[PDB]
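> Keeping their order, the protein sequence lines are chains A, B, C and D.
All the letters of the first sequence, read from the start, carry residue numbers 1 to 126, 161 to 209 under the UniProt record's numbering.
Per the UniProt record's numbering, residue 2 is the first one in the second sequence, and the count goes up by one each step.
Per the UniProt record's numbering, residue 1 is the first one in the third sequence, and the count goes up by one each step.
Per the UniProt record's numbering, residue 1 is the first one in the fourth sequence, and the count goes up by one each step.
By construction, the Cβ of each residue, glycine as well, lies at the ideal position given by its N, Cα and C atoms.
Here you go, one structure.
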Amino acid sequence: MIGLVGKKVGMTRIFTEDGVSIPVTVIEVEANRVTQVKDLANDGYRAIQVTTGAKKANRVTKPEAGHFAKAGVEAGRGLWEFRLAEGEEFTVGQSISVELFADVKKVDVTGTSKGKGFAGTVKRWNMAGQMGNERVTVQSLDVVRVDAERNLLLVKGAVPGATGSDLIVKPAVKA
Amino acid sequence: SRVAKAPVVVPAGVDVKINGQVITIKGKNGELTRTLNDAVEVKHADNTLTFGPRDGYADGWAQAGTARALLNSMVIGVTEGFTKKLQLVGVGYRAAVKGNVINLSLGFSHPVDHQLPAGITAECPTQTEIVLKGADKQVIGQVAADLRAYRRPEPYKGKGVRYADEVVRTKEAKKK
Amino acid sequence: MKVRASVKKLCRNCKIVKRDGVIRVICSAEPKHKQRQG
Amino acid sequence: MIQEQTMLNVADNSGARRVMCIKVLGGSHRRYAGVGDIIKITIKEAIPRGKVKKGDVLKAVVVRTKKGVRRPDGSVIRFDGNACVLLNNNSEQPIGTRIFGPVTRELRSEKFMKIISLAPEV
RNA sequence: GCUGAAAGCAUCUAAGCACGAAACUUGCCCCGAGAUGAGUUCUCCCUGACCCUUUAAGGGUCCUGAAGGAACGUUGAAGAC
RNA sequence: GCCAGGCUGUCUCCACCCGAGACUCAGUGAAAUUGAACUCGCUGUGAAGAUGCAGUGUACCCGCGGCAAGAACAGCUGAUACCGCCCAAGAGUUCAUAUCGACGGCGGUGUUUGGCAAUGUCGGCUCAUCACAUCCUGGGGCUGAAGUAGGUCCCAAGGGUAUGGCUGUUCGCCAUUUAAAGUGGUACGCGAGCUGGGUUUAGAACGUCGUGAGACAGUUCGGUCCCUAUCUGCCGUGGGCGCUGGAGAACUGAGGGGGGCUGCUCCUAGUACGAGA
RNA sequence: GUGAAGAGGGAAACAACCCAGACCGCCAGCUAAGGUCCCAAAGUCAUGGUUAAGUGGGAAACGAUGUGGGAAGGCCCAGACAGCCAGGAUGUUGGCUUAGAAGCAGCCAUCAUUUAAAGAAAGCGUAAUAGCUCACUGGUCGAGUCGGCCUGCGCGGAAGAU
């Protein structure tokens, strides 16, 4: 349906009752309120613009400050878009929590891999060029635990990006 | 040519509308439309449908006969119901029919369902052998094509007997 | 099936059909006599 | 972990002392084999009189691995070396009725139901 | 392949007229409006004056210097620069 | 002169760390080459692979770090030889083409033998591109298909299409796996990319020819593997400009990047039924 | 003859293919080969025919069944071609190699009554039976139909170059 943007914190192991160690990646998912709504009539497609974080007033460009003021919400650290699946729509300022992912069991994570210097031909292809800092998606990941009251998200395996890197989690298209 | 030079009697209760190339046939069974080829200028000719090809077409006579044949068929169908039609089905394995779905087990490990194209006078007089009817007129387009494509009582073993009421062939079996 | 240049009626039950610009021979008795390229 | 031309120990009373690996099976274009995988090995030393003779080439399975294997809880089983027991294509029941050292719990395969009984030391 | 004549039998087709191979393309992921055809949407900022000429996509003068960027410092899991 | 054993990243696979260069700042600074350049890909022709000739398509202008894709060997003809086809005697339990198919004719090839008269040449490594005229994943037709397996034909290039001993070897034989371990063009691809295993730049060595320098598809050793790759092409990233008052963000999207592999078992299931097998 | 030692135009490029021998200058007109959809200048020009396949816009020898036509030939309202609501009855379960070939394997005749009409027999399937068709014969509609030659082109042949 619709995904949310979060911040990567770290990854560790979670022990099940039966005694199985499972890797989990920690994602802090703040309530991503909606700033603008795009529709077929005006914008040509259905979408919603979500924002997260918090920027200082002195560190926010006046155009961005006005844009956030129009939506009547505090200025975030960035804006992201998610295409609707012809389902229920949303309204400006509608905060979205992690409760949506509490009943999905399958999520896909997109983000920017850690930047690296030039990698030789053998190192890259196994042509040589800079690696990292490009969008990459890993799909078909299962959410282990969800903490709504703490804005926490755990998924199995590893996700692109280092500590503090922003990532996007969306419902698993494949199934 | 020979088919074209054959006026087709249209009995009472059948309405024929000739909107240029468009041919509309109505009757007891229901509505029926068929856009005819532009090479034929068939005259309405109440109580008949005399066909005369338009000048300037080499394919005029064959097109006129092609029209005549199925125009007569459609007329005597809308008056009685697809004179020129049948069907064939009761499909030789564990199966059933309900609503607009014929559920089947044609030699597969999973059921195969053929969608009934919005209208069918389904029946099951006997278990499994070839038969069916005319009432469905235009909705009978193929229908049995999916039934035979999945399996056509393989013409070696006869593993599962034919269809609704009549017969089908087979010859000798080794492996099941 | 046969794809020879020349197609002829091997038996009585052979019919010549021009399909997609190709002259084929269709036999209702034995499929073996079916040849594609005319 | 076992690779091509790897030294394996002996964990049976068949009389073998040193066995060498010649080919690796269990997967097309496979470079490594696991503990629960079949390998092709030969014999370097044999007892004076016995069923096993020098030069024989036959299947075998690794019971203990120097690299070790992982566990769902994070535990790891590690040994001082690699131990392998010879297996035959026909009559899979190995001649050796006694196995030196312990064994892991991954021998619950269909073909390894007769070996769990042996190796009393776990 | 349901009906099926032309050509009282028949036929994949002439006509009412549907399935179907992983073959093909979408669908699955990423770059992409320098796409000069230079795309769509939101927001923010400027609301002065005078003179001259070859009198109009004109020029110059005094004041003004908006948002934003760049300039420099700490630097980074970004980086040859 | 030989054997057995211990012994290291030579490799499966490379992983990480310390110095000197590679990159930037401040100054010194020369050459090989140079007719002039506003120095694109493909098709066609050309003293015969065209950045410069005809056609077609793409590309805003200028920089930076990069992998290096840029007589002997390689003109006219085709008897010879190979390839595909047509007819077709016959084999096939009767039935020429399910499968082979004798005697014949027809065309294409420059893949052998042939006839006329400073372009560094066979291999192995890296790197690949393209047609199917398909080895496989294959489906679809015929079957002498009472079946998987299969015997033969239409299409499919989307993808895959080995390891070791004899050769320098192309090729071929052998053993083990796989789904197969494909056919060919790319100067019988690729030496201003990597080594030269014999041949075939320069040296010298042995036998022969000539008094002589020298020569030998007679045979070993090693063999600058020459050319500041200026420049052509491509990955990445920057400086300027335009999108028409200026600016910060979020994106639709014309097009473009590459992958569509697969073994075993399970329940289905000793299932369809089949005289049984 | 050309180039050598002749420029220029056409054949998309091109020196041996076609037209054509440059004294100089003109923003004049008429021609040769070649063109008159555009690129790029000229007829989307008139009449008579071929073409349904982009063959034109690449191909030989050799073999047929498409239209346009020619010579014609056979059967045809005492009604032809395709047709079939109707018939295909009886010994000929045959002697013969009796294992059953009975027409559907062969030695064999290849006869004979009903006859508006039927053969001691052409296909499908049965161990052979049996059974369904076709040769011909009754009835309606019915007018044309069938096999080869000549050919210009459509065709095979035919598979051509990142």
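Strictly by DSSP, which residues pair up with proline 54/B?
Locating residue 54/B in the second sequence gives position 53, counting from the first residue. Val41/B, per the DSSP bridge assignment.
> Would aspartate 12/D be called buried (16 or more neighbouring beta carbons within 10 Å of its own) or exposed?
Your numbering for residue 12/D matches position 12 in the fourth sequence. Its Cβ being crowded by 16 or more others within 10 Å, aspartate 12/D is buried.
> Measure how close the beta-carbons of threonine 110/A and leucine 79/A come, nearest whole angstrom, since I'm counting them as under 8 Å.
On the first sequence, residue 110/A is found 110 positions in, with the first residue counted as 1. On the first sequence, residue 79/A is found 79 positions in, with the first residue counted as 1. The pair is not a contact, with the Cβ atoms about 15 Å apart (cut-off 8 Å).
> Just how far apart, CA to CA, sit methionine 1/D and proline 72/D?
What you label residue 1/D is simply residue 1 of the fourth sequence in a count that begins at 1. What you label residue 72/D is simply residue 72 of the fourth sequence in a count that begins at 1. Distance between the alpha carbons of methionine 1/D and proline 72/D: 18 Å.
> For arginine 35/B versus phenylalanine 52/B, is the C-beta distance shorter than 8 Å?
For this step, residue 35/B is matched to residue 34 along the second sequence. For this step, residue 52/B is matched to residue 51 along the second sequence. No, they are not a contact pair.
> Please check if any C-beta of chain A sits within less than 8 Å of the C-beta of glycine 74/D.
As a working mapping, residue 74/D is identified with position 74 in the fourth sequence. Judged by the 8 Å Cβ criterion, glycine 74/D is in contact with chain A.
> Tell me the residue span of the alpha helix (DSSP H) that contains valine 104/A.
Start at 1 with the first residue of the first sequence, and residue 104/A comes out as number 104. Taken as a continuous stretch (DSSP letters only), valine 104/A belongs to no alpha helix (DSSP H), as it is neither H nor E.
> Confirm the yes/no value for this check: CB of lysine 172/B, any heavy atom of the ligand GDP, distance under 7 Å.
Judged by which ligands are present, the structure shown has none, so any question about the ligand GDP falls away.
> Tell me whether the stretch 40 to 49 of chain B and the stretch 102 to 112 of chain B touch, counting them as touching only if at least three CB pairs, one residue from each stretch, are closer than 8 Å.
no
> List the residues of chain D whose Cβ lies closer than 7 Å to the Cβ of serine 21/A, in chain order.
Counting from one through the first sequence, the residue named residue 21/A turns up at place 21. Per Cβ cutoff of 7 Å: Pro72, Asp73 and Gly74.
> If contact means a Cβ-Cβ distance below 9 Å, which residues of the stretch 2 to 17 of chain A contact chain D?
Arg13, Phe15 and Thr16
> Determine the direct distance from the alpha carbon of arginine 64/D to that of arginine 78/D, and round the result to whole angstroms.
By 1-based counting over the fourth sequence, the position of residue 78/D is 78. By 1-based counting over the fourth sequence, the position of residue 64/D is 64. Approximately 8 Å, taken between the alpha carbons.
> In three-state DSSP terms, what is residue 234/A?
In this structure chain A extends from 1 to 209, so residue 234/A is not present and cannot be described.
> Enumerate in chain order the residues of its own chain whose CB-to-CB distance from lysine 55/A is below 6 Å, with the five nearest sequence positions on each side excluded.
Working through the first sequence from its first residue, we reach residue 55/A at position 55. The answer, listed in chain order, is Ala75 and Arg77.
> In this structure, how does DSSP classify residue 1/B when only helix, strand and coil are distinguished?
No statement about residue 1/B is possible, as the shown extent of chain B runs from 2 to 177 and does not include it.
> Restricting to Cα atoms, I'd like to know which of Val29/A, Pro194/A, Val104/A and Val26/A is closest to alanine 209/A.
On the first sequence, residue 209/A is found 175 positions in, with the first residue counted as 1. When C-alpha distances from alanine 209/A are compared across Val29/A, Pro194/A, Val104/A and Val26/A, the shortest belongs to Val104/A.
> Considering just the uninterrupted stretch of the beta strand (DSSP E) at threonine 36/B, what are its terminal residues?
Position 35 of the second sequence, counted from the start, is the residue given in the question as residue 36/B. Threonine 36/B -> beta strand (DSSP E) spans 32 to 36.
> Please give me, in chain order, every unbroken run of the beta strand (DSSP E) with length at least 3 that falls completely inside the stretch 23 to 53 of chain D.
As far as the stretch 23 to 53 of chain D is concerned, its whole beta strand (DSSP E) runs of at least 3 residues are 38 to 43.
> Please classify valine 144/B: does DSSP put it in a helix, a strand, or coil?
The residue labelled residue 144/B in the question sits at position 143 within the second sequence. Note: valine 144/B maps to coil in three-state DSSP.
> Could you round the C-beta distance between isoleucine 43/D and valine 52/D to whole angstroms and report it? I think they count as a contact, below 8 Å.
Here residue 43/D refers to the residue found at position 43 of the fourth sequence. Here residue 52/D refers to the residue found at position 52 of the fourth sequence. That belief holds up - the Cβ atoms of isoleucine 43/D and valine 52/D are roughly 6 Å apart, short of 8 Å.
> Is the beta carbon of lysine 134/B less than 8 Å from the beta carbon of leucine 87/B?
To locate residue 134/B, count along the second sequence from 1; it is residue 133. To locate residue 87/B, count along the second sequence from 1; it is residue 86. Yes, these two residues count as a Cβ contact at 8 Å.
> Do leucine 33/B and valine 79/B have their C-beta atoms within less than 8 Å of each other?
Residue 33/B sits at position 32 when you count from the first residue of the second sequence. Residue 79/B sits at position 78 when you count from the first residue of the second sequence. Against a cut-off of 8 Å, the Cβ pair of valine 79/B and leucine 33/B comes out as a contact.
> Going by DSSP, what residues sit across from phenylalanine 15/A in a beta bridge?
As a first step, residue 15/A must be located in the first sequence, where it is residue number 15. According to DSSP, which records beta bridges pairwise, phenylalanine 15/A is partnered with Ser21/A.
> Give the straight-line distance between the Cα atoms of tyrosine 45/A and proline 112/B, rounded to the nearest whole angstrom.
What you label residue 45/A is simply residue 45 of the first sequence in a count that begins at 1. What you label residue 112/B is simply residue 111 of the second sequence in a count that begins at 1. Each residue's Cα considered, the two are about 40 Å apart.
> Am I right that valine 92/A and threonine 35/A are in contact with their C-beta atoms under 8 Å? What's the rounded C-beta distance?
For the purposes of this step, residue 92/A is identified with residue 92 of the first sequence, where counting begins at 1. For the purposes of this step, residue 35/A is identified with residue 35 of the first sequence, where counting begins at 1. So it is a contact: roughly 7 Å between Cβ atoms.
> Do you know offhand how far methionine 75/B's Cα is from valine 90/B's?
Residue mapping note: residue 75/B aligns to position 74 of the second sequence, counting from 1. Residue mapping note: residue 90/B aligns to position 89 of the second sequence, counting from 1. Taking the straight line joining both Cα atoms gives about 23 Å.
> State the beta-bridge partners of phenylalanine 82/A as determined by DSSP.
For this step, residue 82/A is matched to residue 82 along the first sequence. DSSP lists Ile48/A as partners of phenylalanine 82/A.
> Tell me the rounded alpha-carbon separation between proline 8/B and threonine 49/B.
Translated into the one-based positions of the second sequence, residue 8/B becomes position 7. Translated into the one-based positions of the second sequence, residue 49/B becomes position 48. So the two alpha carbons sit approximately 6 Å from each other.
> Report, in whole angstroms, the separation of the C-beta atoms of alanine 47/A and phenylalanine 82/A, which I expect to be a contact under 8 Å.
Here residue 47/A refers to the residue found at position 47 when the first sequence is read from its first residue. Here residue 82/A refers to the residue found at position 82 when the first sequence is read from its first residue. Indeed they touch by this definition, with Cβ atoms about 7 Å apart.
> Look at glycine 82/B and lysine 18/B and say whether their C-beta atoms are less than 8 Å apart.
What you label residue 82/B is simply residue 81 of the second sequence in a count that begins at 1. What you label residue 18/B is simply residue 17 of the second sequence in a count that begins at 1. Contact flag unset, no.
> Grouping DSSP H, G and I as helix and E and B as strand, with all else coil, what is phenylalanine 118/A?
Counting from 1 along the first sequence, the entry for residue 118/A is found at position 118. It is a strand residue.
> Measure the Cβ-Cβ separation of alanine 96/B and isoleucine 131/B and say whether it is below 8 Å.
In the second sequence, the residue the question calls residue 96/B occupies position 95. In the second sequence, the residue the question calls residue 131/B occupies position 130. Result no, Cβ atoms of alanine 96/B and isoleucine 131/B do not sit closer than 8 Å.
> Under 8 Å Cβ to Cβ from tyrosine 32/D, same chain only, skipping five residues before and after it: list those, please.
Your numbering for residue 32/D matches position 32 in the fourth sequence. Here the set comprises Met1, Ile2, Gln3 and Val24.
> Can you name the start and end residues of the alpha helix (DSSP H) that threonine 171/A belongs to?
As a first step, residue 171/A is located in the first sequence; it is residue number 137 there, counting from the start. From DSSP, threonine 171/A is part of no alpha helix (DSSP H) but of the beta strand (DSSP E) over 169 to 175.
> In this structure, how does DSSP classify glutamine 139/B when only helix, strand and coil are distinguished?
Here residue 139/B is taken as the residue at index 138 of the second sequence, counted from 1. Looking at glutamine 139/B - three-state DSSP - the assignment turns out to be helix.
> Taking the C-alpha atoms as reference points, what is the distance between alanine 71/A and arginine 184/A?
Here residue 71/A corresponds to residue number 71 of the first sequence, with the count starting at 1. Here residue 184/A corresponds to residue number 150 of the first sequence, with the count starting at 1. Using only the alpha carbons, I get a separation of about 26 Å.
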